[PDB]
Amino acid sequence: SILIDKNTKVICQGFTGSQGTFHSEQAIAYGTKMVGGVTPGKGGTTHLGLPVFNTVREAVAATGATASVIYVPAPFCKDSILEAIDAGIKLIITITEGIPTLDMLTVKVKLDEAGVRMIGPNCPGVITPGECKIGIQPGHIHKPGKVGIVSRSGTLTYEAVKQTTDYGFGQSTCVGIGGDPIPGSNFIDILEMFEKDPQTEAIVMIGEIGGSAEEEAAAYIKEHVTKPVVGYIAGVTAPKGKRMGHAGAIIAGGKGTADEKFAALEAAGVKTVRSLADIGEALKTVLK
């Protein structure tokens, strides 16, 4: 396990919203310990059998939860995020997509100064297969195991999973950092955890065209992580300077290429997979 476990008590911001609800449902069904939610104005009621509060402070006081998911729309996001930090959540996972870089940019800072953890945004979230769910992560594909994964992209991940799952492996925790250019947590931030997680026997690193992130990690990695890592990068055929769907996916000044990225890991001594379908495979090896 890496960030969340079965003891993790959660709350939702924008709980009564649509996405909020749906998704809450499942977490709920999966056994995630949803302790309740926040929807300004709707304090006082119960949604999904859980209580609904007007403020995070409230919710926290009431439930002692310490994690929170946010289904709040771009424009209001930063507010909630601040709010949470402010209320003493230590872990945030914002799902929202459409977040003005400047906002995030200012937000990361606060996060840091404050010692809070946020995953995201515009990401599936996290699941510690077998104990805890957070995100649009789809339930039944995971198998409790020794694989650890980080990814900038959601769907891809699901591929991975499938494999490790069919390859017998199973996953410790699944981490979807989100695909915006400026995240709350990055490769490193996590890797570091994996490295220190007794249950994580090896890792799958996933990324695409975009920043340095990858590069940066290798570095770290090489000279900071012992467990074995298989890595893969999406975007080889990508065009220059075109946002490829995910906002943070774009080739800036002829910088941020698939290849670079690849090259860069292999150097750090990384098991690089040209083909996506090969993660199970590749692993096998490094995994034997």
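Heads up: residue numbers just count along the shown sequence, starting at 1.
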query: Higher-B stretch (mean Cα B-factor, as the entry records it), 194-202 or 101-109; finding: 194-202
query: Residue range whose averaged C-alpha B-factor is higher in the record, 266-274 or 17-25; finding: 266-274
query: Selection from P73, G211, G148, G179 [criterion: highest C-alpha temperature factor in the record]; finding: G211
query: Residue with highest C-alpha B-factor in the PDB entry, from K133, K78, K90, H142; finding: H142
query: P183 CA temperature factor, ranked by third within the chain; finding: lowest
query: Third assignment of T257 from its chain's C-alpha B-factors; finding: highest
query: Record-listed C-alpha B factor of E216: chain third; finding: middle
query: Third of chain Cα B-factors occupied by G43; finding: lowest
query: Record-listed C-alpha B factor of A62: chain third; finding: middle
